[PDB]
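Chains as they are written, first to last, in the entry's author numbering: chain K, 1 to 97; chain b, 2 to 83; chain e, 1 to 95; chain a, 1 to 69; chain J, 1 to 174; chain N, 1 to 347; chain X, 1 to 114; chain H, 1 to 205, 216 to 318; chain A, 1 to 30, 46 to 114; chain Z, 49 to 144.
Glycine included, every Cβ here is placed at the ideal spot set by N, Cα and C.
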Amino acid sequence: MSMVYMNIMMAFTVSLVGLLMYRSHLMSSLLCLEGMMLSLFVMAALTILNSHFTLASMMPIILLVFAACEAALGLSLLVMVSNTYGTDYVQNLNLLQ
Amino acid sequence: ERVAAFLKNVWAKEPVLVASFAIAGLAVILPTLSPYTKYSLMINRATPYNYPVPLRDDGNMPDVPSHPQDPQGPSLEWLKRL
Amino acid sequence: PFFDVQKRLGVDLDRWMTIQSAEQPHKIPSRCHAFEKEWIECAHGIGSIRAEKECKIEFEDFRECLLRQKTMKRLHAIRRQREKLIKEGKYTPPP
Amino acid sequence: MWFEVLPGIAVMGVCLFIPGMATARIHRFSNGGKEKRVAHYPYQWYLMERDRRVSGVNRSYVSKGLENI
Amino acid sequence: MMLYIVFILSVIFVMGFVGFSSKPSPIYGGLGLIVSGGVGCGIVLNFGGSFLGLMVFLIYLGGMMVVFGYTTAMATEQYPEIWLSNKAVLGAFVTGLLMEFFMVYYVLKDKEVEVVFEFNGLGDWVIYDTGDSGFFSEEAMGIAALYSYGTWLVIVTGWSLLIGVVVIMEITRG
Amino acid sequence: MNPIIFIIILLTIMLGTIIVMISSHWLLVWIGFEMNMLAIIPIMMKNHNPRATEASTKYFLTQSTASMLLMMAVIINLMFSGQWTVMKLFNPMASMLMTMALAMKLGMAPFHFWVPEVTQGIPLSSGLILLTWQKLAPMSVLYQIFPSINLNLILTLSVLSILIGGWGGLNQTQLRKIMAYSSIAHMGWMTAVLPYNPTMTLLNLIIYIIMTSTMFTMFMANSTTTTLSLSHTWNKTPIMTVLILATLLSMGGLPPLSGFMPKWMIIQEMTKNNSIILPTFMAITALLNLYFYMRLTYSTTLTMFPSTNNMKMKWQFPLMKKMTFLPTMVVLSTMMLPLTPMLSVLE
Amino acid sequence: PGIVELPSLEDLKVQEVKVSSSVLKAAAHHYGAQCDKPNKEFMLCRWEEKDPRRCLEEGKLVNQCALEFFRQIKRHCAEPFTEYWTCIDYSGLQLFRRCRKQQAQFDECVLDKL
Amino acid sequence: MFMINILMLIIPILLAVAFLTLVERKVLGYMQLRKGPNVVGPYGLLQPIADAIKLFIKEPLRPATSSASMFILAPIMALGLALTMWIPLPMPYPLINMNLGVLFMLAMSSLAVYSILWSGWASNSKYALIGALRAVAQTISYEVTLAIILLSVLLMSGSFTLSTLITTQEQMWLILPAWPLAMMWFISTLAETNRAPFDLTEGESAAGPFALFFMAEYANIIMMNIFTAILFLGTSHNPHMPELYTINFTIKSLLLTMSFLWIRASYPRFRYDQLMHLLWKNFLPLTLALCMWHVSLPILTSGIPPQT
Amino acid sequence: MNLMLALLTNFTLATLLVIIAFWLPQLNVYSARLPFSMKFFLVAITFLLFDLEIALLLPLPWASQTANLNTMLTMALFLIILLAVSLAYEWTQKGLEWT
Amino acid sequence: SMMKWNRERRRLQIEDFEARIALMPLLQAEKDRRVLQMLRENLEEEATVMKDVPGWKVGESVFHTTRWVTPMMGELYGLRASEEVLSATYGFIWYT
Ligand SMILES: CCCCCCCCCCCCCCCCCC(=O)OC[C@H](COP(=O)(O)OCCN)OC(=O)CCCCCCCCCCCCCCCCC
Ligand SMILES: CCCCCCCCCCCCO[C@@H]1O[C@H](CO)[C@@H](O[C@H]2O[C@H](CO)[C@@H](O)[C@H](O)[C@H]2O)[C@H](O)[C@H]1O
Ligand SMILES: CCCCCCCCCCCCO[C@@H]1O[C@H](CO)[C@@H](O[C@H]2O[C@H](CO)[C@@H](O)[C@H](O)[C@H]2O)[C@H](O)[C@H]1O
Ligand SMILES: CCCCCCCCCCCCO[C@@H]1O[C@H](CO)[C@@H](O[C@H]2O[C@H](CO)[C@@H](O)[C@H](O)[C@H]2O)[C@H](O)[C@H]1O
Ligand SMILES: CCCCCCCCCCCCO[C@@H]1O[C@H](CO)[C@@H](O[C@H]2O[C@H](CO)[C@@H](O)[C@H](O)[C@H]2O)[C@H](O)[C@H]1O
Ligand SMILES: CCCCCCCCCCCCO[C@@H]1O[C@H](CO)[C@@H](O[C@H]2O[C@H](CO)[C@@H](O)[C@H](O)[C@H]2O)[C@H](O)[C@H]1O
Ligand SMILES: N=C(N)NC(=N)NCCc1ccc(I)c(Cl)c1
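Structure representation (structure tokens):
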């Protein structure tokens, strides 16, 4: 495949590994989740644009809209977690062990 | 009568919202009543974005012009006089 | 679909975007329209088990148009042989 | 008096006039005394590249008329 | 060379991902994502996606990432820890850059690399469409088609966004 | 929650699932999962306590990660086939991602860790939706892409789920954790038979939904969430102990109860394909589930645990919870084996 | 797979219409009326054959009719035409509506003389 | 040649901002029955030079910041974005002719809020971060109506190209069919730029860095008012005499900018919750209703503009 | 290239002005939760969701060129009404209050 | 007033589009020869560079089908000067 697909696929993997290798801040994982979406948007746009598949041109927008609404829900849960323990650390979310 | 005294109250207390609802109401209703709405579809149709690929003449196409300036084919005389 | 409501009700909810050879705004074609068109018509109505073997030629051509992996491999081969020959002074590009 | 506010307004007005005047005159200088070609769509770009080839000097703004027929 | 602008942008794209994926303070992690988003728009612009590229700035960067930074200021951090002051972040950051560099060094030299999968290195320009002279933006025609072909897409997208408002109010009420 | 808003949120959950099941386009399938997840979070959060917040957060991260992997599979498929049709995938790497994404959504082992915790942290009524309705959408996709699924991967996920679900349930006293591990084990049977006969996946799914809905409804009727709370039912609603007994034995796959039928029909399909070791191993491992169902029957129905003095006050008040469809569900949970050939309606 | 047949370099030579886009823009409306027959025969060939190698002969007749079209302007209306397309050429968008005065002079000249 | 063109846009903008400070002081002065600067140079014409030099040789006394990187970043982003807003402006020709220039300006203006947010982080002060967040909330809120209003106007114009707004208004200013939108647009620009009566950052609340934030903010004031003139008071363009367009276009921008000063001199300040209500409960309802109206109006009148 | 040159010049000049501002001869020889309302968070989220709906509305100037005007107008008005509905929901649920 | 002016602007757009349609046959004919000349030129270079590479046919197709296939950029400018390739590739996107 083309060169760009190498780096775009790599960026998705890097953000996936970042997401699966949590640290402390819940916000840091939400950023890796949004990084995955960014690379998905770029990968889909490149494919759709290069192939001249015209009706699919709206698809990256729909992906952006739903993902952002999905990110809004994630931020709402982060603030509720932060209102409970005073931080967004993920090690506080262990009551259900 | 009951509705008339309702409108007077909102107009006095919430004129901004009364205007909003009225403007939005006109936007949903007027296109169905306007006599010019049909020309919007006609003009959009008449705009030639792509090439008009000619047909192969089989001898049974009396309604297809042989030349752009021939009297057959869609006309835009209605649009010029619009 | 798991429940084919669209076919049964005769309503097009999302089939219009499924393939690139479907109707497009202003008849804009996709770059691989003819290849997808040929592969779809070969494989129509015979099932994926049969299609994977009997329409293999069309799918191989279609995949070549999509990703151009063979074409790039051939150009990369001619490019290798030139910038090699140019070093041995055995080739002179035209004006 | 209020007309002692005008000199500062004149300076600011001259400052905001230079960009529009400079851009228009730089365009004429760089495009053979004509407006810079606007190519927003592929068709307009295709004609501009065709003009470059036809011009004979690799400038899309050098025009060739019936003299070249 | 300028012919490799897309590849160059995609290289920076990856480094930005290593930047925030190694997960420094979310203040800097947000900065790394903003830079990746801007570079991501640049890649999309060079494939003819003017409208799609500007949506990244307007929606992804000017919208979602502003709220991310806004929330970080309230609920996550106010002051940042010194960048790379943590061993794990630096180790991950150095690990990613070296992996990226080895990928780039070999593909440039060979005009093709095999990182798990086979990738060409001739240039992205080689796969481009050759003939074009329509008097419109095809990318714009497709997005405009959302209102004439995608009635279904509009309804479900419109419904989901309304539900997002309802749901978030329920979540945050307490 | 306002009762009107609760209904609207419930319909959005249902609509998200329906979109997945009627879509022929991968983007609309992904939209269905997104819509469904968006509307399920408020019902997990509806009692506003730290445990509910933790459950919703753990659920959000797991489902969001899976939906990203699903979209990645969809785009890889687009790269290598140039189309969006919901069917077999045209790239092995896309198939693995989509399969793992759906296994994550279903909670199959070894992506199972969230199911016991999320179920424990949300109300019984929310757990009922989580462990029943939420399986429909991922299973309906698996039903359509199974020709391209790697056989070794899907059977490995199935075997691990039956083992993990069986072993996990042995150590549980919380009723919601017991149900969660029961769910993991039962997803394993559904996916083991998927490569061979998808109809038996649907049969196992439907029967599992009926029995699980029965158990959750009976737990709600008495507001029981622990083994010891459930052991008081004999001194309040003796009938309920008999229904719980029968349903648990059915969930254990004992003949002649309805829960035998899916295990029986699945064994038949795999033997027809010359698969003998796998069905035998699965059936034996399913005895682990039968053990901790039997334990519940001992403390609930077959023995009378100690009571408390204040229970006498409960004798004077009627059972006022809706218990909707319980008489129908419990009868179908136990007495359907004579009607087994009716499984062809699913064909 | 076989070898892609390609016409010889001398099978593609022809007299090209070497005029700028504003010249073609100014002449387009009369050009479309005068050279319709070979033009539409060529476009019918392209959309039917879907192969540029198969319409090379008809493509050549497109040039000949266009060169003859312009040789006929140069022979009767050279000065009204030069004024017109020079006005078109000045506009950055090559607008028709800026040059109605010069367009009328050219239109009258071709109508009277041709 | 293009490099000369860039400088002949950047440099005049900075000088225009410098002398806007003089004009504002003198216009406010005379509306207050006084004169304003008239000693430092004739009619105060050297007052901006004195202020600029004074500010740049002042002690750059910054107390320790939370992060050095974002302390430098915030003003660079502010000034860089402000200069970038000018490159698509048709005056009558743009430095860069963008097919989607209108969308480009919306995108670039949505990033301006980062400079505010980063300033809050770098202040190393809890109280300054709260003021930065209050400012961001005001800005993004009024971004909502600006986007929708702009969309409604473009439905009569037909494209996102800024120079097409000139063609659309060849016969008539867009203020006439859209004066309800122009009203809300104009107030929204005031709220967007933290201008009185929306200057709550100042009400609620050095050296070169301060001067750079100030210059960027005043460059945005001029640019917003240029954009208002283009959007609603279209100047006729004669391609053979482009300077005639530039003269008339500049006059309209100066009058619009001077009206910002006029409004500052005339009104008290909104309370924070009251300007949030002005948008969410007043402008936004009308803007939504007017957006519906302007989607329908070209269709029902057969007045859809050309796509090119 | 022109646009990249413009952007480079704008931000490079901004960088230069910022550094010379910081440098001059002085002639001298000697992570938690802000006490900040949940209402401000709700403003940001509300902006975000509306900003996403504005993204869906931006294509409208192009969409008005379609021949399927009946469908285009119905979906355009549908999207704006639902945006108005969400505003009405927030309003009635006391979501636009500060007390 | 806006209805009158926008209607006139639609008529002006149709007149502009029709001018393009009149010219498209001539432009299409020119494009065909240019593509075929560029492919014929690349073939001659290939016949010389790969004149005896073990087993290399010259001008062989990668597609099973014999149908004409539109070449991509790499197949047309693959052996030409960089500035032509930049202009052919990114020139339109960068004109702005
Ligand atoms: C036909 C084809 C299908 C074949 C598969 C088999 C189907 C049968 C399973 C049907 C589903 C279970 C429903 C069983 C109905 C039970 C009702 C009953 O018999 O009475 C329960 C009894 C009454 O209690 P109560 O009414 O509250 O007060 C009594 C005051 N007079 O409650 C009590 O008094 C409690 C008594 C103590 C508990 C004793 C437990 C041992 C008896 C359990 C019998 C049921 C076992 C079901 C397993 C299947 C049996 C083959
Ligand atoms: C005309 C069609 C044009 C399309 C319009 C687009 C649809 C937009 C739907 C918005 C629906 C809002 O509906 C609105 O709800 C509130 C409920 O508080 C009602 O208002 C009511 O509640 C408020 C509480 O805040 C009270 O102060 C008020 O006295 C009472 O009347 C309004 O009477 C009604 O206008
Ligand atoms: C909460 C959901 C809210 C959804 C609100 C949806 C509001 C939709 C309102 C208007 C929808 C249709 O708007 C308009 O209606 C009339 C009704 O004939 C249509 O019909 C009109 O135009 C056509 C076009 O040729 C003419 O042939 C016809 O004679 C004329 O009556 C218009 O083509 C359509 O543009
Ligand atoms: C949460 C709310 C849920 C409510 C669900 C309501 C269901 C809504 C169904 C929408 C789809 C209706 O059915 C579909 O409509 C669109 C537009 O009218 C039609 O689509 C039409 O527009 C374009 C124009 O070419 C093409 O897609 C197609 O050529 C044409 O038919 C489909 O032919 C029709 O199948
Ligand atoms: C959770 C980790 C997520 C990381 C995601 C990383 C992105 C993955 C990109 C996968 C896209 C490439 O996927 C891979 O491409 C090559 C190129 O033809 C295919 O081709 C390869 O396998 C088949 C095997 O018969 C043949 O095509 C061929 O022999 C071989 O080249 C692979 O079958 C396909 O699996
Ligand atoms: C816009 C271009 C203008 C070009 C003009 C170039 C002139 C360069 C000469 C600068 C002379 C500055 O003069 C000097 O400025 C600094 C500003 O902090 C003052 O302050 C400095 O000295 C005092 C003590 O004296 C220290 O406490 C302080 O920390 C230090 O900053 C000095 O008191 C003043 O003597
Ligand atoms: N705000 C005003 N109108 N003036 C004022 N009172 N203070 C600002 C003065 C100022 C700030 C920066 C620069 I550079 C310049 Cl030249 C002048």
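- Close to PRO295(H), with beta-carbon spacing below 8 Å, are these residues of chain b in chain order: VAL17, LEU18 and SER21.
- Cβ contact annotation for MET65(J) (same chain, cutoff 7 Å, sequence separation greater than five): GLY30, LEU33, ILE34 and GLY37, in chain order.
- At a beta-carbon threshold of 8 Å, the residues of chain Z lying near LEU85(e) are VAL97, ordered along the chain.
- Proximity to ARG68(Z) across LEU111(X), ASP112(X), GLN94(X) and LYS37(X) peaks at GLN94(X), based on C-alpha coordinates.
- Within the region 168 to 200 of chain N, the complete alpha helix (DSSP H) runs of at least 4 residues fall at 175 to 192.
- Taking the C-beta atoms as reference points, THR245(H) is found nearer than 8 Å to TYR255(H).
- Contact of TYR143(Z) with chain a is assigned, a C-beta pair being separated by under 8 Å.
- Within the region 230 to 317 of chain N, the complete alpha helix (DSSP H) runs of at least 4 residues fall at 238 to 251, 260 to 272, 277 to 285, 287 to 297 and 311 to 314.
- Restricting attention to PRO60(K), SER82(K), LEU31(K) and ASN94(K), the CA atom closest to the CA of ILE31(N) is found in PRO60(K).
- Taking 8 Å as the cut-off, the beta carbon of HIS25(K) is found no closer than this to the beta carbon of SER30(e).
- At a cut-off of 8 Å between C-beta atoms, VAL65(b) does not count as an interface residue with respect to chain X.
- In chain order, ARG68 make up the part of chain Z whose C-beta sits under 7 Å from the C-beta of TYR43(a).
- Applying a distance threshold of 6 Å between residue Cβ atoms and the heavy atoms of ligand 7 selects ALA18(H), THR21(H), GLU24(H), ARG25(H), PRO48(H), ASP51(H), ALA52(H), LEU55(H), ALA221(H), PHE224(H) and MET225(H), given in chain order.
- In the three-state reduction of the DSSP assignment, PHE111(Z) falls in the coil class.
- A residue is called buried when at least 16 other Cβ atoms come within 10 angstroms of its Cβ; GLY32(a) does not meet this threshold and is exposed.
- For the region 76 to 92 of chain K, the set of residues with a beta-carbon nearer than 9 Å to any beta-carbon of chain J comprises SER76, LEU77, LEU78, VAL79, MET80, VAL81, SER82, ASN83, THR87 and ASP88, in chain order.
- Separation of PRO90(H) and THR23(a) (C-alpha to C-alpha, rounded to the nearest whole angstrom) is 10 Å.
- At least one C-beta of chain e is nearer than 8 Å to the C-beta of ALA56(K).
- In the structure shown, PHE119(J) falls within a strand segment according to DSSP collapsed to helix, strand and coil.
- In terms of side-chain proximity, the C-beta atom of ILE76(N) is found nearer than 7 Å to a non-hydrogen atom of ligand 5.
- Taking a cut-off of 8 Å for Cβ pairs, the region 42 to 56 of chain H and the region 287 to 297 of chain H do not touch, as fewer than three such pairs fall below it.
- Every residue whose beta carbon comes nearer than 5 Å to a heavy atom of ligand 3 appears here in chain order: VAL29(b), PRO32(b), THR33(b), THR38(b), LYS39(b), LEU42(b), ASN85(A), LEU88(A), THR89(A), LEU92(A), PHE93(A) and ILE96(A).
- About 4 Å separates the beta carbon of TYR84(X) from that of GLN102(X), a gap short enough to meet the 8 Å contact definition.
- Contact between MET105(H) and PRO88(H) holds, since their C-beta atoms are separated by about 6 Å, short of 8 Å.
- At a cut-off of 8 Å between C-beta atoms, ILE60(A) does not count as an interface residue with respect to chain H.
- In this structure, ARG81(Z) is the residue among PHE140(Z), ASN90(Z), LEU134(Z) and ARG81(Z) with its C-alpha nearest to the C-alpha of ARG54(X).
- Under the three-state reduction of DSSP, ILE143(J) is assigned to helix.
- Distance from the C-beta of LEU257(N) to the nearest heavy atom of ligand 1 is below 7 Å.
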